[PDB]
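Here we start with a single chain on its own, the form deposited in one PDB entry, put down as structure tokens.
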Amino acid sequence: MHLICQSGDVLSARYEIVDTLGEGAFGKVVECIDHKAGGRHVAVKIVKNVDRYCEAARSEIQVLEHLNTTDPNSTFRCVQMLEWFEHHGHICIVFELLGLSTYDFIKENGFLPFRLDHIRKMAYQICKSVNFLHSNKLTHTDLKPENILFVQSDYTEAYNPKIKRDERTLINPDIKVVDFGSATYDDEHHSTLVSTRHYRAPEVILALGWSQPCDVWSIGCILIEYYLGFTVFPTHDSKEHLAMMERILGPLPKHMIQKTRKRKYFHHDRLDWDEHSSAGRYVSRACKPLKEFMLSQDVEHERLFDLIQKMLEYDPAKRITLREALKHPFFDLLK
């Protein structure tokens, strides 16, 4: 992967690399000039020549062809795939070029949260875009700030007292949803999920079966991270994740504890947690009830945290759907 990606390289006898936009576990994303389409700047996703990543890239191409046909106008803000090809055995997917990811923008902005009015517009477009996936019998499973990309990330800088530092602000906060390598149809086989992120729905952790509601859980964690600048579940361990949920959201439902086959996490009916160990001391300091994370008692802030609490409902059946989430009072200002 280190060898076929540098700048100046030409792919498929038309795409000329000019910049690197990101490097991850699957491989690379590079910016290219398409010399056979008037010099249109495109984004090309270079996938490692590994079995699991090639199979995911093949499934993502099939999903993208379906979404491009079902939504040719891209009304529902899924990224448009232009074409795909192979290059030295690596699978390459050409995309319409977008801006920075919301994680990238947050990082390059000193990890400062977004203004509430921008969170509102972004949350609405994310819910509409992922509801489009759900209407087409699809589940994304890997929703996170890195996979939410601004259409255009031009900004302005200004100093902010109270923060006592410079703060960037989007000009246009329009976004798109990317990465469909883990996208799963309802009729397809549902796995038990890779290290998906510090966003793992409780039904996913407890192996109770998952579907569309697990996307709603991820969006709720996306919103609080947009509102704070940091995730509320800073961990990669599953039992530690469950202990953070109990501190932030409350106790797990008894029925979910009863059915789960992951006895590894539990001691009888309670979570097998030592709150005086290293991790237990961290969870105590880093975690608190959800509402205590609020930075203002303004009603618009309580409308947002009402939406997050509904999206962070433990039971996947009780959990609000994106169809109902788009009717929430938090989005009344947009109408």
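In case it trips you up, residue 1 is the first one in the sequence shown, and so on. Throughout, rigid core stands for the largest set of C-alpha atoms superposing within 1.5 Å between the two forms.
Mean CA B-factor, 321 to 329 versus 6 to 14: the higher value falls on 6 to 14. Checked against the record, the higher mean CA B factor of 227 to 235 and 163 to 171 lies with 163 to 171. Reading the B-factor column for the CA atoms of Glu157, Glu203, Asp215, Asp179 in the entry, the top value corresponds to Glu157. The maximum CA B-factor among the listed residues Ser191, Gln125, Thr139, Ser101, taken from the PDB record, is found at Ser191. Looking at the C-alpha B-factors along this chain, the one for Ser296 belongs to the highest third. The deposited CA B-factor of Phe85 belongs to the highest third of values across its chain. Per the PDB record, residue ranking by Cα B-factor puts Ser284 in the highest third of the chain. Sorting the modelled residues of the chain by their CA temperature factor places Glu246 in the middle third. Among all modelled residues in its chain, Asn68 ranks in the highest third by Cα B-factor.
As for the form deposited in another entry, it is not shown, yet the points below apply to it.
Among the residues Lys288, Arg52, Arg270, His276, the single one whose Cα moves by at least 2 Å between this form and the one not shown, once the core is superposed, is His276.
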